[PDB]
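In: Just the starting chains for now, same placement as in the complex:
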Amino acid sequence: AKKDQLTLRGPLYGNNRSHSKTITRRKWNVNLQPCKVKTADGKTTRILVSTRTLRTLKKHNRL
Amino acid sequence: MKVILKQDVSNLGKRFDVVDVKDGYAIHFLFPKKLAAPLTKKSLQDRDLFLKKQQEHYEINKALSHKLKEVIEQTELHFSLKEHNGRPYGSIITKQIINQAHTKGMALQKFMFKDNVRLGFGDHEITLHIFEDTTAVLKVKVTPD
């Protein structure tokens, strides 16, 4: 689905309220962006990365 | 994800110290020539080790630069082009010279060639700014046919 290529995190599906507080079925999609990685033994093409994982890989030097 | 430059000076001189403010990918992680190491050591205790590492990198950079200059100015590059009865119809791209360098046993990376693509036939000479103080000049002959 619309999930990143590094970890598994299902999109959020729940209920949203209006100005009159009307229950509606609403969706939140995880923040994913295409990013290029470089590491040993191939696996260097573009993948989908979540910003939450993006910061961690940025500080942990996952390239 | 360090805060110190790694052996390549950026835009108008900043000294080799802990000064590179981290926007995250602006130019620090944009350049793949930067450090990837923990932070607890890289405050003051690993500073002397980093100075020794920078000196080693500087000396090997000078040695390799001189070697590449020597082997380039002794062995000029050659290719061939298809000619429009005297007018250059073939095209030459930096990919070809990168391939030639890689085949000749001296790989040149993708992060130092910033020149425009070459368009023309005949003998060409280009001074490539691969290095700031010890840059090289390459001569290429393309056979017209």
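Out: Done, it's in. Numbers count the residues shown, from 1 in each chain, chains lettered A, B, ... in the order given.

In: Please enumerate the helices of the chain.
Out: Using chain A here. For chain A, the helices identified by DSSP state H occupy A:51-60, in order along the chain.

In: ah, I was thinking of chain B
Out: Using DSSP H, the helices found in chain B span residues B:47-74, B:94-103.

In: Out of those, which gets nearest to residue A:14?
Out: Nearest to residue A:14 among the helices of chain B is helix B:47-74 (49.5 Å), distances taken as C-beta to C-beta. Using the backbone N, CA and C atoms, a C-beta is placed for each residue, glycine as well.

In: residues near the closest residue to residue A:23 other than its chain neighbours, how many?
Out: Across the structure, with C-beta to C-beta, 6 or more residues apart in numbering or on different chains as the measure, the residue nearest residue A:23 apart from its sequence neighbours is residue A:15 (5.1 Å). Residue A:15 has 9 neighbouring residues, counting by other C-beta atoms under 10 Å in any protein chain shown.

In: Output the set of residues of chain A in proximity to chain B.
Out: Those residues of chain A that sit near chain B, judged by C-beta under 8 Å from any C-beta of the partner chain, are A:38, A:58, A:59, A:60, A:61, A:63.

In: okay, now RNA strand C:
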RNA sequence: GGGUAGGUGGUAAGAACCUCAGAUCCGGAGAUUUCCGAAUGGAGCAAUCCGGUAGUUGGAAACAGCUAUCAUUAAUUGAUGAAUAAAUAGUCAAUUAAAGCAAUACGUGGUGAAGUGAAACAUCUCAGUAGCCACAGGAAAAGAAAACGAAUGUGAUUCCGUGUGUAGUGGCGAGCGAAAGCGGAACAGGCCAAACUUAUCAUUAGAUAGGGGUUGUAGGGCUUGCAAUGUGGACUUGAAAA
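Out: Below, RNA strand C sits with the chains from the block before:
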């Protein structure tokens, strides 16, 4: 093995049979088990066709009989290996897995309606109802205090009554329903990474395999001693017995 004198499943009296030199039947243990069917060589319109290979045989050969092999995916391994020199990707080869079906019963996770009521209805209610998907199990999940809680209180968790319809929550409307404690069934706590160190990674590994270690009646790593000669398991197969 028990194991006997008639038996050969039923519309079939029969006919033809055999039989106490121990059948049949019954219970185990196997073999056999056409084809389809997750279906697995390709397809197919289900029980069909066309097939590839490695051999065997008749034949001069084609051809025709007899066998077994021939899906995809994931992991591991080896080799070839373009853009791109190299390496990859990819390709080929070999090994291992579930792959599927079903008990309308559960359990877990995810997705996710309605009408009913408020004699109206949108907040709400039924309701995370039904339903849909995935998973494994015969039980599952939950489980070891960042627990509770306001007392010199207890010391994994799960389930049953009580607490109790309490304190409360809700266009404070309909409605909704505790948290401890008690009486109880049952009641085992363990295992990792880190500092610290040893051998192996061109030993820059920041990884691999070891000693150690599972923390608040604080404890471990560290320097430095005396001891202790064991017990129970969340636990190995051998041997016998019941």
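
In: And the residue of chain B closest to chain A?
Out: In chain B, the residue that lies nearest chain A is residue B:36 (3.7 Å; C-beta to the nearest C-beta).

In: Quick check: that residue vs residue A:62, distance?
Out: The spacing between residue B:36 and residue A:62, counted by C-beta to C-beta, to the nearest Å, is 9 Å.

In: what's the answer for residue A:33, then?
Out: From residue A:33 over to residue A:62 the distance is 15 Å, taken as C-beta to C-beta.

In: got it, and residue A:53?
Out: Counting by C-beta to C-beta, the gap between residue A:53 and residue A:62 amounts to 9 Å.

In: can you tell me which residues contact residue 7?
Out: Defaulting to chain A. Shown in contact with residue A:7 (C-beta atoms under 8 Å, 6 or more residues apart in numbering or on different chains): A:50, A:53.

In: actually it's chain B I care about, not the one you picked
Out: Each residue near residue B:7 by C-beta under 8 Å, 6+ apart is listed here: B:33, B:54, B:57, B:58, B:61.

In: rerun that using 7 Å as the cut-off
Out: Contacts for residue B:7 (C-beta atoms under 7 Å, 6 or more residues apart in numbering or on different chains) come out as B:33, B:54, B:57.

In: could you also fit RNA strand D onto it:
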RNA sequence: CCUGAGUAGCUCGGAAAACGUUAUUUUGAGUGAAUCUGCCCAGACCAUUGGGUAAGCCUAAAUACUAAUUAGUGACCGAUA
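Out: To build on what is shown above, here is RNA strand D added in:
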């Protein structure tokens, strides 16, 4: 020397909790502490006081049900059932 970091809290909406979002746990987006004199809890919050040591993993035990096999049973109906 050490005690589990893009970690907890926090902001914008939520979900689970008697619970309609309120202490408590969690996240779709952002955020960025602590080092044992620590840190968390004690239905906002502080001081005081008391309790506790997570952010890695596992755990049969009581409990729900018999599609199915065996032996027995029914103040169960007796072929418009």
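
In: The contacts of residue B:7 with RNA strand D there, same question as before?
Out: Neighbours of residue B:7 in contact, by C-beta under 7 Å, 6+ apart: B:33, B:54, B:57.

In: between these, which is closest to RNA strand C?
Out: Looking at these and their distance to RNA strand C, the nearest is residue B:57, at 12.0 Å (C-beta to the nearest atom of the strand).

In: Look up how far residue B:50 lies from the residue most central in space within chain A.
Out: When chain A is reduced to its mean C-alpha position, the closest residue under C-alpha atoms, centre = their mean turns out to be residue A:50, at 3.3 Å. Here the distance between residue A:50 and residue B:50 works out to 33 Å (C-beta to C-beta).

In: residues contacting the one residue in chain A that gets nearest to chain B?
Out: Scanning chain A for proximity to chain B using C-beta to the nearest C-beta identifies residue A:61 as nearest, at 3.7 Å. Residue A:61 makes contact with B:1, B:36 under the criterion C-beta under 7 Å, 6+ apart.

In: which residue packs closest to residue B:80, ignoring adjacent ones?
Out: residue B:143 (4.1 Å).

In: what's the neighbour count on the one you found?
Out: A count of nearby residues for residue B:143, using other C-beta under 10 Å, gives 11.

In: Double-check it against residue B:77; I have them as touching.
Out: No - shown here, residue B:143 and residue B:77 do not form a contact pair, counting by C-beta atoms under 7 Å, at 11.9 Å.
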